[PDB]
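Student: Per the numbering used here, the very first residue in the sequence shown carries number 1127; after that it's consecutive. This is the structure I want to talk about, given as structure tokens.
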Amino acid sequence: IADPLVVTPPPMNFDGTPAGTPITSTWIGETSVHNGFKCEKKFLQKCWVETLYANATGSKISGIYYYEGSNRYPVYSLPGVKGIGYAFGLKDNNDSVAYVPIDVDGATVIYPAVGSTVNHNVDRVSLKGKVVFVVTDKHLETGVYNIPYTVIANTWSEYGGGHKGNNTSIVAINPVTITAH
């Protein structure tokens, strides 16, 4: 079974602005699920997680990115919203695993990652995500932006051993408001 990962950013206030300006000074809405993907063993058998994949569902905005260190994150448009987009981080919730961009250079391996635990006793991977919103129109209107519930990735598993079937799941952004002055 797999639990959806729904990141929950807090309300934002933005006081202006070139495209690519982040709405907040760092990432927000960090959220994690204990049971990201868990394989269900058949009776008297053993199962483990071999690989997890994430496919970002959004449309990239050409030429706009979110930078952290040597990492360059794509920025996507938000269905229903003009002038604000998002970047996101998604990873194995292992303390040895860093956040790095997916969907760069269709789907992306997210497990194993560098630092992940990998053995036949890993029947469960926990997942963690976060988001940042980015100005994409240099003429962003002032007012109240209501970001709708937005699925941002579909995810799925490849399990090993004797299991009851692979899972699919999602990553989504919970609705949030950005007040632009």
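Just so you know, even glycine gets a beta-carbon here, dropped at the ideal spot from N, CA and C.
Given this structure, state the Cα-to-Cα distance separating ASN1245 from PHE1163, to the nearest angstrom.
Tutor: C-alpha separation (whole angstroms): 15 Å.
Student: Using DSSP with H/G/I as helix, E/B as strand and the rest coil, what is residue 1120?
Tutor: Residue 1120 lies beyond the range of the chain shown here (1127 to 1307); nothing can be said about it.
Student: Give me the Cα-Cα distance between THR1134 and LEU1216, rounded to the nearest whole angstrom.
Tutor: Answer to the nearest angstrom: the Cα atoms are 14 Å apart.
Student: Hey, could you find the ends of the beta strand (DSSP E) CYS1165 is sitting in?
Tutor: Element bounds for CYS1165: n/a, residue is neither H nor E.
Student: Since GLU1194 sits in a beta bridge, which residues does DSSP pair it with?
Tutor: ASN1197.
Student: Report the option in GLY1287, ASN1292, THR1305, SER1295 whose CA atom is closest to the CA atom of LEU1170.
Tutor: Among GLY1287, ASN1292, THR1305, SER1295, the Cα nearest to that of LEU1170 is on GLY1287.
Student: Going by Cα to Cα distance, which pick from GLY1146, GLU1284, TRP1153, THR1157 is closest to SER1252?
Tutor: Answer by Cα proximity: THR1157.
Student: According to DSSP, is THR1183 helix, strand or coil?
Tutor: Here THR1183 sits in coil by DSSP.
Student: Check for me: the beta strand (DSSP E) holding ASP1218 runs from which residue to which?
Tutor: Unbroken beta strand (DSSP E) run through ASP1218: 1207-1218.
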